[PDB]
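File shown: query21.pdb. Contents: PDB, C-alpha atoms.
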ATOM      1  CA  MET R   1       0.000   0.000   0.000
ATOM      2  CA  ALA R   2       2.359   2.798   1.105
ATOM      3  CA  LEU R   3       5.512   3.039  -1.096
ATOM      4  CA  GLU R   4       8.711   5.194  -1.022
ATOM      5  CA  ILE R   5      12.374   5.497  -1.243
ATOM      6  CA  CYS R   6      15.902   4.638  -0.112
ATOM      7  CA  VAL R   7      18.107   7.101  -1.979
ATOM      8  CA  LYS R   8      21.443   8.845  -2.341
ATOM      9  CA  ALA R   9      21.748  11.608   0.303
ATOM     10  CA  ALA R  10      22.670  15.188  -0.555
ATOM     11  CA  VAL R  11      26.454  14.944  -0.064
ATOM     12  CA  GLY R  12      27.451  16.540   3.257
ATOM     13  CA  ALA R  13      23.854  17.160   4.281
ATOM     14  CA  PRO R  14      21.843  13.901   4.986
ATOM     15  CA  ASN R  15      18.373  15.501   5.218
ATOM     16  CA  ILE R  16      17.591  16.445   1.606
ATOM     17  CA  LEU R  17      17.543  13.804  -1.139
ATOM     18  CA  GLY R  18      20.547  13.501  -3.439
ATOM     19  CA  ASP R  19      21.774  14.526  -6.859
ATOM     20  CA  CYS R  20      20.969  11.210  -8.605
ATOM     21  CA  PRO R  21      18.686  11.044 -11.706
ATOM     22  CA  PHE R  22      16.438   8.103 -10.891
ATOM     23  CA  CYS R  23      16.089   9.315  -7.299
ATOM     24  CA  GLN R  24      13.828  12.183  -8.300
ATOM     25  CA  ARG R  25      12.019  10.178 -11.039
ATOM     26  CA  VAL R  26      10.296   7.955  -8.568
ATOM     27  CA  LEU R  27       9.937  10.551  -5.801
ATOM     28  CA  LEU R  28       8.186  12.853  -8.268
ATOM     29  CA  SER R  29       5.938  10.067  -9.540
ATOM     30  CA  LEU R  30       4.721   9.221  -6.040
ATOM     31  CA  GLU R  31       4.168  12.806  -4.842
ATOM     32  CA  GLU R  32       2.357  13.597  -8.136
ATOM     33  CA  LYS R  33       0.068  10.621  -7.418
ATOM     34  CA  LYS R  34      -0.197  11.783  -3.742
ATOM     35  CA  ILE R  35       0.064   8.362  -2.116
ATOM     36  CA  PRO R  36       0.774   7.428   1.496
ATOM     37  CA  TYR R  37       4.499   6.738   1.807
ATOM     38  CA  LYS R  38       7.339   4.891   3.522
ATOM     39  CA  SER R  39      11.093   5.033   3.530
ATOM     40  CA  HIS R  40      13.980   7.578   3.743
ATOM     41  CA  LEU R  41      17.604   8.305   2.595
ATOM     42  CA  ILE R  42      20.733   6.152   2.727
ATOM     43  CA  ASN R  43      23.012   8.517   4.647
ATOM     44  CA  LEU R  44      26.288   8.783   2.629
ATOM     45  CA  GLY R  45      28.248   5.548   3.192
ATOM     46  CA  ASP R  46      26.248   4.599   6.277
ATOM     47  CA  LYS R  47      25.316   1.149   4.936
ATOM     48  CA  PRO R  48      23.953  -1.382   7.468
ATOM     49  CA  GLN R  49      22.987  -4.913   6.371
ATOM     50  CA  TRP R  50      19.413  -3.649   5.774
ATOM     51  CA  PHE R  51      20.523  -1.274   3.006
ATOM     52  CA  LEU R  52      23.136  -3.714   1.681
ATOM     53  CA  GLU R  53      20.296  -6.206   1.196
ATOM     54  CA  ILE R  54      18.115  -3.514  -0.441
ATOM     55  CA  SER R  55      20.460  -1.417  -2.692
ATOM     56  CA  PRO R  56      22.897  -3.060  -5.115
ATOM     57  CA  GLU R  57      25.843  -0.664  -4.600
ATOM     58  CA  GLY R  58      24.800   0.279  -1.045
ATOM     59  CA  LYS R  59      24.628   3.814  -2.469
ATOM     60  CA  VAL R  60      22.103   3.599  -5.350
ATOM     61  CA  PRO R  61      18.439   4.719  -5.224
ATOM     62  CA  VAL R  62      15.750   2.039  -5.112
ATOM     63  CA  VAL R  63      11.984   1.922  -4.781
ATOM     64  CA  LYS R  64      10.636   0.006  -1.779
ATOM     65  CA  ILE R  65       7.481  -1.258  -3.416
ATOM     66  CA  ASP R  66       5.448  -3.105  -0.775
ATOM     67  CA  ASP R  67       8.737  -4.540   0.577
ATOM     68  CA  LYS R  68      10.264  -5.632  -2.729
ATOM     69  CA  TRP R  69      13.101  -3.508  -4.187
ATOM     70  CA  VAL R  70      14.299  -2.659  -7.747
ATOM     71  CA  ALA R  71      16.995  -0.232  -9.039
ATOM     72  CA  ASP R  72      17.919   0.698 -12.676
ATOM     73  CA  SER R  73      16.796   3.987 -14.296
ATOM     74  CA  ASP R  74      13.779   2.592 -16.182
ATOM     75  CA  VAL R  75      13.090  -0.473 -14.010
ATOM     76  CA  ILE R  76      12.729   1.714 -10.915
ATOM     77  CA  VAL R  77       9.837   3.489 -12.747
ATOM     78  CA  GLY R  78       8.076   0.742 -14.679
ATOM     79  CA  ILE R  79       7.648  -1.731 -11.846
ATOM     80  CA  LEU R  80       6.709   1.140  -9.511
ATOM     81  CA  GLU R  81       3.842   1.988 -11.873
ATOM     82  CA  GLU R  82       2.802  -1.665 -12.255
ATOM     83  CA  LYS R  83       2.644  -2.307  -8.493
ATOM     84  CA  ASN R  84       1.064   1.036  -7.544
ATOM     85  CA  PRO R  85      -2.625   0.510  -6.578
ATOM     86  CA  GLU R  86      -3.624   3.996  -7.862
ATOM     87  CA  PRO R  87      -4.082   4.016 -11.667
ATOM     88  CA  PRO R  88      -0.706   4.252 -13.460
ATOM     89  CA  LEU R  89       0.138   5.538 -16.938
ATOM     90  CA  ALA R  90       3.366   3.770 -17.887
ATOM     91  CA  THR R  91       3.440   4.917 -21.535
ATOM     92  CA  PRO R  92       6.715   5.908 -23.352
ATOM     93  CA  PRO R  93       5.698   6.475 -27.117
ATOM     94  CA  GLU R  94       7.273   8.922 -29.687
ATOM     95  CA  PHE R  95       7.420  11.622 -26.993
ATOM     96  CA  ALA R  96       9.968   9.452 -25.166
ATOM     97  CA  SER R  97      11.954   8.695 -28.347
ATOM     98  CA  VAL R  98      12.430  12.478 -28.726
ATOM     99  CA  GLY R  99      13.259  12.495 -25.006
ATOM    100  CA  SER R 100      16.017   9.918 -25.634
ATOM    101  CA  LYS R 101      17.851  12.484 -27.775
ATOM    102  CA  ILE R 102      17.613  15.153 -25.118
ATOM    103  CA  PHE R 103      18.328  13.198 -21.929
ATOM    104  CA  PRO R 104      21.919  12.184 -22.617
ATOM    105  CA  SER R 105      22.491  15.463 -24.505
ATOM    106  CA  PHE R 106      21.961  18.041 -21.768
ATOM    107  CA  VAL R 107      23.672  15.847 -19.180
ATOM    108  CA  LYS R 108      26.758  15.609 -21.379
ATOM    109  CA  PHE R 109      26.730  19.298 -22.206
ATOM    110  CA  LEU R 110      26.437  20.608 -18.638
ATOM    111  CA  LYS R 111      29.256  18.170 -17.736
ATOM    112  CA  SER R 112      31.290  19.359 -20.736
ATOM    113  CA  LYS R 113      33.743  22.271 -20.541
ATOM    114  CA  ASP R 114      34.658  21.697 -24.202
ATOM    115  CA  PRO R 115      34.514  24.408 -26.850
ATOM    116  CA  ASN R 116      30.799  23.445 -26.547
ATOM    117  CA  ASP R 117      28.780  26.240 -28.143
ATOM    118  CA  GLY R 118      27.821  24.909 -31.552
ATOM    119  CA  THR R 119      27.111  21.603 -29.794
ATOM    120  CA  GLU R 120      25.211  23.459 -27.045
ATOM    121  CA  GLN R 121      23.050  24.629 -29.921
ATOM    122  CA  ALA R 122      22.846  20.981 -31.079
ATOM    123  CA  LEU R 123      20.985  20.371 -27.807
ATOM    124  CA  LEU R 124      18.937  23.470 -28.711
ATOM    125  CA  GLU R 125      18.123  21.718 -32.032
ATOM    126  CA  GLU R 126      16.786  18.662 -30.178
ATOM    127  CA  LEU R 127      14.891  20.949 -27.777
ATOM    128  CA  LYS R 128      13.463  22.750 -30.844
ATOM    129  CA  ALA R 129      11.887  19.458 -31.826
ATOM    130  CA  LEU R 130      10.489  19.085 -28.281
ATOM    131  CA  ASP R 131       9.269  22.693 -28.464
ATOM    132  CA  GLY R 132       7.383  21.600 -31.544
ATOM    133  CA  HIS R 133       5.620  18.688 -29.854
ATOM    134  CA  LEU R 134       3.987  20.738 -27.086
ATOM    135  CA  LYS R 135       3.063  23.667 -29.372
ATOM    136  CA  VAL R 136       1.125  21.205 -31.534
ATOM    137  CA  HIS R 137      -0.411  19.076 -28.721
ATOM    138  CA  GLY R 138      -1.115  21.637 -25.961
ATOM    139  CA  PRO R 139      -0.197  20.154 -22.492
ATOM    140  CA  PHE R 140       2.936  18.407 -21.107
ATOM    141  CA  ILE R 141       5.369  16.317 -23.130
ATOM    142  CA  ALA R 142       3.339  13.077 -23.376
ATOM    143  CA  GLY R 143       0.582  15.035 -25.144
ATOM    144  CA  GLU R 144      -2.177  15.283 -22.516
ATOM    145  CA  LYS R 145      -0.654  15.231 -19.001
ATOM    146  CA  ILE R 146       2.411  14.271 -16.980
ATOM    147  CA  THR R 147       2.942  10.545 -17.626
ATOM    148  CA  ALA R 148       6.065   8.356 -17.479
ATOM    149  CA  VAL R 149       7.624  10.453 -20.294
ATOM    150  CA  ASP R 150       7.564  13.703 -18.329
ATOM    151  CA  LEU R 151       8.368  11.878 -15.098
ATOM    152  CA  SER R 152      11.563  10.507 -16.694
ATOM    153  CA  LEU R 153      12.944  13.685 -18.228
ATOM    154  CA  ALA R 154      11.836  16.520 -15.929
ATOM    155  CA  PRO R 155      13.645  15.317 -12.784
ATOM    156  CA  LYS R 156      17.068  15.490 -14.440
ATOM    157  CA  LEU R 157      16.126  18.765 -16.152
ATOM    158  CA  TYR R 158      15.788  20.240 -12.659
ATOM    159  CA  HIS R 159      19.405  19.161 -12.165
ATOM    160  CA  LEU R 160      20.273  20.837 -15.490
ATOM    161  CA  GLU R 161      18.646  24.120 -14.552
ATOM    162  CA  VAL R 162      20.440  24.453 -11.208
ATOM    163  CA  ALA R 163      23.840  23.165 -12.348
ATOM    164  CA  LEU R 164      24.200  24.738 -15.800
ATOM    165  CA  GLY R 165      22.390  27.777 -14.449
ATOM    166  CA  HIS R 166      25.121  28.423 -11.855
ATOM    167  CA  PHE R 167      28.387  26.861 -13.136
ATOM    168  CA  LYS R 168      28.250  27.551 -16.878
ATOM    169  CA  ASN R 169      25.305  29.937 -17.188
ATOM    170  CA  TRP R 170      23.017  29.215 -20.151
ATOM    171  CA  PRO R 171      19.328  29.948 -19.521
ATOM    172  CA  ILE R 172      16.701  28.363 -21.816
ATOM    173  CA  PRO R 173      16.074  30.946 -24.563
ATOM    174  CA  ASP R 174      12.467  32.158 -24.948
ATOM    175  CA  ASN R 175      12.402  31.152 -28.624
ATOM    176  CA  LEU R 176      11.975  27.661 -27.128
ATOM    177  CA  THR R 177       8.796  28.978 -25.559
ATOM    178  CA  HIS R 178       7.470  25.529 -24.565
ATOM    179  CA  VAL R 179      10.686  24.447 -22.966
ATOM    180  CA  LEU R 180      11.002  27.656 -20.922
ATOM    181  CA  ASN R 181       7.301  27.852 -19.960
ATOM    182  CA  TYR R 182       6.893  24.267 -18.748
ATOM    183  CA  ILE R 183      10.246  24.289 -16.879
ATOM    184  CA  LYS R 184       8.707  27.219 -14.972
ATOM    185  CA  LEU R 185       5.876  24.881 -14.004
ATOM    186  CA  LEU R 186       8.361  22.156 -13.001
ATOM    187  CA  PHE R 187      10.135  24.581 -10.648
ATOM    188  CA  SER R 188       6.824  25.134  -8.812
ATOM    189  CA  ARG R 189       4.231  22.368  -9.187
ATOM    190  CA  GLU R 190       3.226  21.361  -5.663
ATOM    191  CA  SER R 191       4.624  17.858  -6.192
ATOM    192  CA  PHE R 192       7.861  18.934  -7.850
ATOM    193  CA  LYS R 193       8.609  21.809  -5.449
ATOM    194  CA  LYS R 194       8.314  19.332  -2.591
ATOM    195  CA  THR R 195      10.527  16.656  -4.214
ATOM    196  CA  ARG R 196      13.254  18.945  -5.599
ATOM    197  CA  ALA R 197      16.886  18.222  -4.689
ATOM    198  CA  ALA R 198      18.913  20.988  -2.974
ATOM    199  CA  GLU R 199      20.381  23.384  -5.566
ATOM    200  CA  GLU R 200      23.728  23.667  -3.794
ATOM    201  CA  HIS R 201      24.068  19.887  -3.454
ATOM    202  CA  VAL R 202      23.627  19.321  -7.171
ATOM    203  CA  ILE R 203      25.922  22.245  -8.106
ATOM    204  CA  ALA R 204      28.678  21.678  -5.517
ATOM    205  CA  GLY R 205      27.658  18.043  -5.225
ATOM    206  CA  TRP R 206      27.612  16.577  -8.750
ATOM    207  CA  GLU R 207      30.252  18.706 -10.488
ATOM    208  CA  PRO R 208      33.215  18.263  -8.158
ATOM    209  CA  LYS R 209      33.578  14.720  -9.606
ATOM    210  CA  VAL R 210      33.538  16.353 -13.052
ATOM    211  CA  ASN R 211      36.214  18.843 -11.910
ATOM    212  CA  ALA R 212      38.648  16.702  -9.858
TER     213      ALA R 212
END
Could you spell out this file's structure in C-alpha cells?
Amino acid sequence: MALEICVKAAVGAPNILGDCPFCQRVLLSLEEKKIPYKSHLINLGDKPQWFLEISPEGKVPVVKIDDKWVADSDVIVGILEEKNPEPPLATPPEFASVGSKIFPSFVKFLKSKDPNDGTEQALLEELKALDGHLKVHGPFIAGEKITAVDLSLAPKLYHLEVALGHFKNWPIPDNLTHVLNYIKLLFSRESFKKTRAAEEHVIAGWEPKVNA
C-alpha cells in the first residue's frame, strides 16, 4: 500500500535527497500521485545490512514497493507503476523517443567544458523538436498530461537548470517557448517543489567529480 524510497543523500547534508537522476524520477511520480508513503535516505556511506540487502551498490536509489526492491533507471519506474494501486500511466511512445535524444544530450553538455557552443546549440536543435511537440499538442510532453515520459525527463532537467544555471550559465532561450514555460511549471508544481533536490548539493555536489 504505502511506497517510497531509499536514496542517495545530498552529499554533506543527509536531510535532503541527493543529486541522482532516478532518485527524483520515482519521488516525483509518487508525490504527483499523492500516495501514502514509507522510507527515507541512505546517509552517505552509512550502509547497514538492511541497506546492503536492499540497494545493489549500497549507495544507489531504489523503490521500496510493498517490501520488494528494484533499481535501474527505467526499471525503478516501470515496476513502480505496475505495483502502484492507484491508476498508473506507464506509456513511453514517440514523446519518449524524442526524449532519448535530449536526456543524454543536456547531461553531457552541462558536464562538458569543451569548446561546446555549436554543440550546445545541437541540444537546442533537439529541444526545438520538443518545443514543436507541445506547441502542436497543448499540455505536457506526453501530449495530454504528466505521464512516465515527463516523469523521466523533468527530474534530471531540474538538475540541469540548477547546475548549468550556476556553473556555466546558459538559460533556456524564450524562442523555445514551450521548454522555458513548462520548466517554470516544473520549478513550482506542488509535487515537484516538494521533491526537488537541494540546488547547492547538485551544483557543488555533482560537479566536483567532473572537476577533480
- Which residues fall under the PyMOL selection byres ((chain R and resi 190-204) around 7) in this file, as a PyMOL selection string? chain R and resi 10-11+16-19+24+27-28+31-32+159+162-163+186-189+205-208
Evaluate the PyMOL selection byres ((chain R and resi 38) around 7) here and jot the selected residues down as a short mmCIF file (atom, residue, chain, number, x, y, z; two decimals) with C-alpha atoms, in the frame of the given file.
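Final output, result_10.cif:
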data_model
loop_
_atom_site.label_atom_id
_atom_site.label_comp_id
_atom_site.auth_asym_id
_atom_site.auth_seq_id
_atom_site.Cartn_x
_atom_site.Cartn_y
_atom_site.Cartn_z
CA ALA R 2 2.36 2.80 1.10
CA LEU R 3 5.51 3.04 -1.10
CA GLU R 4 8.71 5.19 -1.02
CA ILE R 5 12.37 5.50 -1.24
CA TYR R 37 4.50 6.74 1.81
CA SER R 39 11.09 5.03 3.53
#
- For each of R:48, R:56, R:36, R:99, take the minimum atom-to-atom distance to residue R:86, counting only C-alpha atoms, then give the residue where this is smallest.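 Checking each candidate against residue R:86, we get R:36 as the closest.
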- Shell around stretch 114-122 of chain R at 12 Å using only C-alpha atoms, local window under 5 positions removed, as a ChimeraX atom specification: /R:101-102,105-109,127-129,164,168-173,176
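Considering all atoms listed in the file, the residue among R:51, R:95, R:69, R:22 positioned nearest to residue R:155 is R:22.
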Using all atoms listed in the file, tabulate the residues of stretch 43-105 of chain R lying at most 12 Å from any atom of stretch 133-145 of chain R, each with its closest atom pair and that distance in Å to one decimal, by chain and increasing residue number, as a tab-separated table.
residue	atom	partner	partner_atom	distance
R:89	CA	R:145	CA	9.9
R:90	CA	R:142	CA	10.8
R:91	CA	R:142	CA	8.4
R:92	CA	R:142	CA	7.9
R:93	CA	R:142	CA	7.9
R:94	CA	R:142	CA	8.5
R:95	CA	R:142	CA	5.6
R:96	CA	R:142	CA	7.8
R:97	CA	R:142	CA	10.9
R:98	CA	R:133	CA	9.3
R:99	CA	R:141	CA	9.0
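Of the residues under consideration (R:44, R:6, R:80, R:13), R:6 shows the shortest atom-to-atom contact distance to residue R:62 when counting all atoms listed in the file.
The interatomic distance for the pair atom CA of residue R:30 and atom CA of residue R:15 works out to 18.8 Å.
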- Item | Selected residue, from R:178, R:47, R:73, R:65, that lies nearest to residue R:151 when counting only C-alpha atoms |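 Distance minimum relative to residue R:151 lands on R:73.
The coordinates place atom CA of residue R:76 at 6.2 Å from atom CA of residue R:63.
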- Query: Can you tell me how far atom CA of residue R:60 sits from atom CA of residue R:46, in Å to one decimal?
  - Reply: 12.4 Å
- Note on the structure: From the list R:147, R:211, R:49, R:177, the nearest residue to residue R:77 using all atoms listed in the file is R:147
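With distances restricted to only C-alpha atoms, R:161 is the closest residue to residue R:183 from R:161, R:85, R:100, R:12.
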For the structure just given, write the atoms of stretch 160-184 of chain R, namely N, CA and C atoms, as an mmCIF file, in the first residue's frame.
data_model
loop_
_atom_site.group_PDB
_atom_site.id
_atom_site.type_symbol
_atom_site.label_atom_id
_atom_site.label_comp_id
_atom_site.auth_asym_id
_atom_site.auth_seq_id
_atom_site.Cartn_x
_atom_site.Cartn_y
_atom_site.Cartn_z
ATOM 1 N N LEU R 160 19.687 19.982 -14.457
ATOM 2 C CA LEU R 160 20.273 20.837 -15.490
ATOM 3 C C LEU R 160 20.155 22.292 -15.086
ATOM 4 N N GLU R 161 18.943 22.709 -14.760
ATOM 5 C CA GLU R 161 18.646 24.120 -14.552
ATOM 6 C C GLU R 161 19.291 24.730 -13.317
ATOM 7 N N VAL R 162 19.669 23.923 -12.334
ATOM 8 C CA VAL R 162 20.440 24.453 -11.208
ATOM 9 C C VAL R 162 21.934 24.406 -11.529
ATOM 10 N N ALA R 163 22.407 23.331 -12.145
ATOM 11 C CA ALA R 163 23.840 23.165 -12.348
ATOM 12 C C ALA R 163 24.360 24.076 -13.455
ATOM 13 N N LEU R 164 23.787 23.946 -14.645
ATOM 14 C CA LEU R 164 24.200 24.738 -15.800
ATOM 15 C C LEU R 164 23.892 26.195 -15.517
ATOM 16 N N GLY R 165 22.778 26.434 -14.838
ATOM 17 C CA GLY R 165 22.390 27.777 -14.449
ATOM 18 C C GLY R 165 23.395 28.487 -13.561
ATOM 19 N N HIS R 166 24.106 27.772 -12.696
ATOM 20 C CA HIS R 166 25.121 28.423 -11.855
ATOM 21 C C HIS R 166 26.572 28.271 -12.330
ATOM 22 N N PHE R 167 26.989 27.090 -12.772
ATOM 23 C CA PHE R 167 28.387 26.861 -13.136
ATOM 24 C C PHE R 167 28.762 27.465 -14.479
ATOM 25 N N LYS R 168 27.930 27.227 -15.487
ATOM 26 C CA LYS R 168 28.250 27.551 -16.878
ATOM 27 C C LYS R 168 27.006 28.188 -17.502
ATOM 28 N N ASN R 169 26.630 29.347 -16.979
ATOM 29 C CA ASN R 169 25.305 29.937 -17.188
ATOM 30 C C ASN R 169 24.796 29.978 -18.629
ATOM 31 N N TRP R 170 23.729 29.232 -18.876
ATOM 32 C CA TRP R 170 23.017 29.215 -20.151
ATOM 33 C C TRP R 170 21.521 29.041 -19.862
ATOM 34 N N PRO R 171 20.765 30.149 -19.753
ATOM 35 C CA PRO R 171 19.328 29.948 -19.521
ATOM 36 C C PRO R 171 18.628 29.454 -20.790
ATOM 37 N N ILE R 172 17.465 28.831 -20.653
ATOM 38 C CA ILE R 172 16.701 28.363 -21.816
ATOM 39 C C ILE R 172 16.233 29.618 -22.566
ATOM 40 N N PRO R 173 16.554 29.743 -23.870
ATOM 41 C CA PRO R 173 16.074 30.946 -24.563
ATOM 42 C C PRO R 173 14.564 30.916 -24.790
ATOM 43 N N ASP R 174 13.931 32.080 -24.844
ATOM 44 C CA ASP R 174 12.467 32.158 -24.948
ATOM 45 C C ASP R 174 11.920 31.883 -26.353
ATOM 46 N N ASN R 175 12.812 31.628 -27.303
ATOM 47 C CA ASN R 175 12.402 31.152 -28.624
ATOM 48 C C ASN R 175 11.944 29.696 -28.510
ATOM 49 N N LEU R 176 12.435 29.004 -27.486
ATOM 50 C CA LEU R 176 11.975 27.661 -27.128
ATOM 51 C C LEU R 176 10.887 27.846 -26.082
ATOM 52 N N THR R 177 9.811 28.502 -26.490
ATOM 53 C CA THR R 177 8.796 28.978 -25.559
ATOM 54 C C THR R 177 8.167 27.863 -24.739
ATOM 55 N N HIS R 178 7.973 26.681 -25.324
ATOM 56 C CA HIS R 178 7.470 25.529 -24.565
ATOM 57 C C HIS R 178 8.466 25.239 -23.471
ATOM 58 N N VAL R 179 9.709 25.028 -23.870
ATOM 59 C CA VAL R 179 10.686 24.447 -22.966
ATOM 60 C C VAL R 179 10.856 25.395 -21.780
ATOM 61 N N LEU R 180 10.909 26.698 -22.024
ATOM 62 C CA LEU R 180 11.002 27.656 -20.922
ATOM 63 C C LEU R 180 9.746 27.718 -20.044
ATOM 64 N N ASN R 181 8.577 27.749 -20.671
ATOM 65 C CA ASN R 181 7.301 27.852 -19.960
ATOM 66 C C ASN R 181 7.014 26.643 -19.077
ATOM 67 N N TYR R 182 7.225 25.430 -19.569
ATOM 68 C CA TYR R 182 6.893 24.267 -18.748
ATOM 69 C C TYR R 182 7.966 23.982 -17.697
ATOM 70 N N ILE R 183 9.215 24.389 -17.920
ATOM 71 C CA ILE R 183 10.246 24.289 -16.879
ATOM 72 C C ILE R 183 9.872 25.201 -15.711
ATOM 73 N N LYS R 184 9.222 26.320 -16.010
ATOM 74 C CA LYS R 184 8.707 27.219 -14.972
ATOM 75 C C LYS R 184 7.666 26.513 -14.119
#
